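In: Test case, fold it:
(2 chains, ligands or ions: 6)
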Amino acid sequence: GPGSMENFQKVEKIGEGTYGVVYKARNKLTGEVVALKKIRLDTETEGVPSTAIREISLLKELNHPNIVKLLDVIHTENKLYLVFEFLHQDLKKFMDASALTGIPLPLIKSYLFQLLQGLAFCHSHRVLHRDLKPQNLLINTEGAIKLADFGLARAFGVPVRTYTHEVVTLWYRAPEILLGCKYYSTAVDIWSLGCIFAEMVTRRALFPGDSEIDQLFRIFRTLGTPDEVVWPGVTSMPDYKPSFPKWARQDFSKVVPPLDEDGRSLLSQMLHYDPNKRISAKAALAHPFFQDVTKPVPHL
Amino acid sequence: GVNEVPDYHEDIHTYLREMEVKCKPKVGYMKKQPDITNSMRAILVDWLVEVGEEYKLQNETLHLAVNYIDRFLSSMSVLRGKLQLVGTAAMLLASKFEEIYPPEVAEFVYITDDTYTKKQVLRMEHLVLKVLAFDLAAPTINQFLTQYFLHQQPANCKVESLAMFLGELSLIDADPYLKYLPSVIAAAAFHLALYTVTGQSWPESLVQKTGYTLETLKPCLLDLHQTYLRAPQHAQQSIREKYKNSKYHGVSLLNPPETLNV
Ligand SMILES: O=C(O)c1ccc(Br)cc1O
Ligand SMILES: O=C(O)c1ccc(Br)cc1O
Ligand SMILES: O=C(O)c1ccc(Br)cc1O
Ligand SMILES: O=C(O)c1ccc(Br)cc1O
Ligand SMILES: O=C(O)c1ccc(Br)cc1O
Ligand SMILES: O=C(O)c1ccc(Br)cc1O
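Out: Numbering: from 1, shown residues only, chains lettered A, B, ... in the order given. Ligands and ions are numbered 1, 2, ... in the order given. Coordinates below:
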């Protein structure tokens, strides 16, 4: 687009992603701080990676305050530079930094509200994120949180077709993916955000499995093993097994003890087994939990 | 209903309606192309259909590729000996966008019978991405069709398959189809398929959704009706052959209606 690498000053490494390394850089003419994501095509024998083709094409169309902004793509014959707006930290680092303080509830509530705004915008624009986890959520000094890393995102059709199985980092992966369902939809992103909600409150992952089966068993032990009543069709699903242990559903008051009635209500609707009953990001915006929501700066 | 995204299907439809106008090719591009013609484009698209069948690509992939080709050809003058290079790179980009398992680049070189090198395919890939500025998430005929299919009372596989065949037929013939939007060809194809199979018409419910009436679809419908009647005689036959397959309910074997009463 309207860019060149001579006008950028490298500041420091900030990360490494699917394409190599992300740098913090500074536009020497405007002062703007950016993140550069270098996509080496010289080390590419299949030309431009499909990950990059999706990331760029999808991010171009997603203009929203709670989605990271792709400012430009600089095309060289051997190299591709993605220029993003710079954000200071990811939510994972912020949670670790908030270790023994806790994250104050106003900030959890603000962050969840913004994440829902961002995700609703994705889903309204036929985009599934498919890798929502705290490492992929970026925060600034002004109180904003934004969806980032669209490297696994995909443009969907209505109704959805079969897409890539085994998307979503394991701890954030929805039961319908774990059970090998032919179809998944926008409900997978809500499941991830639900796990993230719980994690913002406790500072630890809700379902930290070591395997697909251990992941599922962890979910089952918290929310109860799903049957045909809670989730019609579950017993038919490709990787459903009748030998699965049948754990009783525990009271959600014990799943995240510090959460108030409203919080619990919302969390429960995000973590509903049945993808059809799980709350949408659009509808979640109206949940009573957000009645008193504000947008405070981070505390650190 | 989550597979049909109830909370988002209207937002999505509205958004595709906006995007289809932005992703539209220049209706008269072929007149400004000195060395290629509607006829050569027909040959290319027909080939892409075969390639899609050969590698078991989604239909959506084929439609994306055609979108990429017509938009590139809208701003880039191309010699006839390079038309197939544009097409191959278009199919490669579409595959990486849309497919779980795109074919390797080598396979794309292979299907061109070593007319082009791997280096040429990849160089063209970059060129196409530069000209389109990575605007690859284009609305297709298929993306509208699959939403319209939700309005059937009840769902009918033959109606669905016949609508896809008809929409695919439109990809072949830049004249007249370049002048219609994906959402309008999809509407024509859906009405025509529904009429052929069940005798029914474009439903009220889709008038509500799209704003389109049989009145507004009439011109496109008259084109599509003629394409359907003439399809057995068309120089390009790959789509008819494809839609003989049981995967698509053999719908190319159905007889077009002689008249529409429209
Ligand atoms: O200035 C450069 O040449 C440069 C190169 C690579 C990256 Br990532 C950032 C840069 O700023
Ligand atoms: O992946 C991204 O979109 C991204 C954007 C900005 C920063 Br800072 C880090 C990232 O990883
Ligand atoms: O795949 C596994 O390793 C596995 C282990 C235990 C059970 Br019960 C089901 C499984 O699928
Ligand atoms: O020469 C032709 O008529 C021709 C037609 C289609 C393609 Br693709 C390349 C060609 O060279
Ligand atoms: O030369 C031809 O007629 C021809 C036909 C089809 C294709 Br695809 C490429 C061609 O070059
Ligand atoms: O390819 C381009 O020119 C381009 C320009 C700007 C942005 Br944001 C994304 C792009 O892909």
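
In: what's stretch B:63-71 in contact with?
Out: B:23, B:25, B:29, B:41, B:44-45, B:48, B:86-87, B:90-91, B:93-94, B:97-98, B:128, B:131-132, B:136, B:138, B:140-142, B:167-168, B:171, B:174, B:178 (C-beta atoms under 8 Å, 6 or more residues apart in numbering or on different chains). For every residue, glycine as well, the C-beta is placed using N, CA and C.

In: What of stretch A:224-244?
Out: A:175-176, A:178-182, A:220, A:245-250, A:273-274.

In: Apply 10 Å and report the result again.
Out: A:165, A:175-182, A:212-213, A:216-217, A:219-220, A:223, A:245-250, A:272-277 (C-beta atoms under 10 Å, 6 or more residues apart in numbering or on different chains).

In: Just confirm residue A:138 is within a strand.
Out: Yes - assessed by DSSP: H, G, I helix; E, B strand; the rest coil, residue A:138 belongs to a strand.

In: Would you mind measuring from it to residue A:197?
Out: Residue A:138 is 17 Å from residue A:197, where distance means C-beta to C-beta, to the nearest Å.

In: Then residue B:62?
Out: 41 Å.

In: Spell out which parts of chain A neighbour ligand 1.
Out: A:5, A:8, A:10, A:23, A:25, A:36, A:38 (C-beta under 6 Å from any ligand atom).

In: Any chance of those residues in JSON lines with neighbour count and distance to ligand 5 as columns?
Out: Formatted as JSON lines, the residues of chain A next to ligand 1 follow (neighbours: other C-beta atoms under 10 Å in any protein chain shown; distance: C-beta to the nearest ligand atom, whole Å):
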{"residue": "A:5", "neighbour count": "14", "distance to ligand 5": "39"}
{"residue": "A:8", "neighbour count": "20", "distance to ligand 5": "43"}
{"residue": "A:10", "neighbour count": "11", "distance to ligand 5": "46"}
{"residue": "A:23", "neighbour count": "18", "distance to ligand 5": "43"}
{"residue": "A:25", "neighbour count": "22", "distance to ligand 5": "44"}
{"residue": "A:36", "neighbour count": "21", "distance to ligand 5": "40"}
{"residue": "A:38", "neighbour count": "16", "distance to ligand 5": "36"}
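
In: Which of the residues you listed fall within strands?
Out: Among the residues of chain A next to ligand 1, DSSP state E puts A:8, A:10, A:23, A:25, A:36, A:38 in strands.

In: how about residue B:143, what does it touch?
Out: Contacts of residue B:143 (C-beta under 10 Å, 6+ apart): A:126, A:155-158, B:12-13, B:16, B:19-20, B:60, B:63-64, B:182-183, B:186.

In: Was I right to think residue A:245 contacts residue A:221?
Out: Yes - counting by C-beta atoms under 10 Å, residue A:245 does reach residue A:221; the two are 8.3 Å apart.

In: just the strands in chain B please.
Out: Under DSSP E, chain B gives no strands.

In: domain assignment for it?
Out: Chain B breaks down by CATH domains of a matching chain into domains covering B:11-24+B:138-262, B:25-137.

In: Can you name the residues of chain B sitting close to ligand 4?
Out: B:40, B:43, B:44, B:80, B:81, B:83, B:84.

In: Which residue lies nearest the spatial centre of chain B?
Out: Geometric centre of chain B, nearest residue: residue B:63, 3.9 Å, by C-alpha atoms, centre = their mean.

In: go on, chain A?
Out: Chain A, centroid-nearest residue using C-alpha atoms, centre = their mean: residue A:132 at 1.5 Å.

In: Buried residues, stretch A:38-52. List them.
Out: A:38, A:39, A:41, A:44, A:46, A:47, A:48, A:49, A:50, A:51, A:52 (16 or more other C-beta atoms under 10 Å in any protein chain shown).

In: Please say whether there is contact between it and chain B.
Out: Yes - Stretch A:38-52 lies within reach of chain B by C-beta under 10 Å from any C-beta of the partner chain, at A:41, A:44, A:45, A:46, A:47, A:48, A:49, A:50, A:51, A:52.

In: wait, what's in contact with the closest residue to ligand 2 within chain B?
Out: For chain B and ligand 2, the shortest gap (C-beta to the nearest ligand atom) falls at residue B:134, measuring 14.8 Å. The contact partners of residue B:134, by C-beta under 10 Å, 6+ apart, come to A:1, A:48, A:52-60, A:70, A:73, A:75, A:80, B:93, B:128.

In: about what we covered before: in helices, which of the contacts of residue B:143 appear?
Out: B:12, B:13, B:16, B:19, B:20, B:60, B:63, B:64, B:182, B:183, B:186 (DSSP state H).

In: for those residues, which one is nearest residue A:169?
Out: For the ones in helices among the contacts of residue B:143, the closest approach to residue A:169 (C-beta to C-beta) belongs to residue B:12, at 26.1 Å.

In: I'd like to know how many residues surround the closest one.
Out: 21 (other C-beta atoms under 10 Å in any protein chain shown).

In: And it, how close does it get to residue B:132?
Out: Residue B:12 is 22 Å from residue B:132, by C-beta to C-beta.

In: and what of residue A:106?
Out: On the measure of C-beta to C-beta, residue A:106 and residue B:132 end up 44 Å apart.

In: Kindly report the same for residue B:171.
Out: 18 Å.

In: Among these two, which residue is more densely surrounded?
Out: residue B:171 (25 against 19).

In: Skipping its backbone neighbours, what lies nearest the more buried one in space?
Out: residue B:66 (4.9 Å; C-beta to C-beta, 6 or more residues apart in numbering or on different chains).

In: Which positions within stretch B:197-205 qualify as buried?
Out: Quick answer for stretch B:197-205 (16+ other C-beta under 10 Å): B:197, B:202, B:203.

In: ok, for the last one, nearest residue in space, not its chain neighbours?
Out: Taking C-beta to C-beta, 6+ apart, and ignoring the residues beside it in sequence, residue B:203 has residue B:151 as its nearest neighbour in space, at 5.5 Å.

In: Which helix in chain A has the most residues?
Out: Chain A, longest helix under DSSP H: helix A:105-124.

In: Start and end of stretch B:46-63, how far apart?
Out: As for stretch B:46-63, its first-to-last residue distance stands at 12 Å under the measure C-alpha to C-alpha, to the nearest Å.

In: picking up where we left off before, who's in contact with the nearest residue to the residue nearest to the centre of chain B once chain neighbours are set aside?
Out: Nearest residue to residue B:63 in three dimensions, chain neighbours excluded: residue B:140, at 3.7 Å (C-beta to C-beta, 6+ apart). By C-beta under 10 Å, 6+ apart, the residues touching residue B:140 are A:157, B:16, B:20, B:23, B:59-67, B:94, B:98, B:146, B:167, B:171, B:182-183, B:185-186.

In: ok, back up a step: looking at the residues of stretch A:38-52 next to chain B, which are in helices?
Out: A:50, A:51, A:52.

In: Pick out whichever of those sits closest to ligand 6.
Out: The closest of these, once distances to ligand 6 are taken by C-beta to the nearest ligand atom, is residue A:52, at 9.8 Å.

In: shouldn't that closest one be in contact with residue A:82?
Out: Yes - Residue A:52 is within contact range of residue A:82, at 7.7 Å (criterion: C-beta under 10 Å).

In: Need the overlap of contacts for these two.
Out: A:19, A:37, A:39, A:73.

In: Could you measure from the second one over to ligand 2?
Out: Pointing back at residue A:37 there. Distance, residue A:37 to ligand 2, using C-beta to the nearest ligand atom, to the nearest Å: 6 Å.

In: That residue and ligand 5: what is the separation?
Out: 36 Å.

In: burial count for that residue?
Out: With other C-beta under 10 Å as criterion, residue A:37 counts 26.

In: Kindly state the beta-bridge partners for it.
Out: residue A:22, residue A:82 (DSSP bridges).

In: That one contacts residue A:70, doesn't it?
Out: Yes - if you go by C-beta under 10 Å, residue A:37 and residue A:70 touch, sitting 9.3 Å apart.

In: Name the residues contacting each of these two.
Out: Common neighbours of residue A:37 and residue A:70 (C-beta under 10 Å, 6+ apart) are A:55, A:56, A:82, A:83, A:84.
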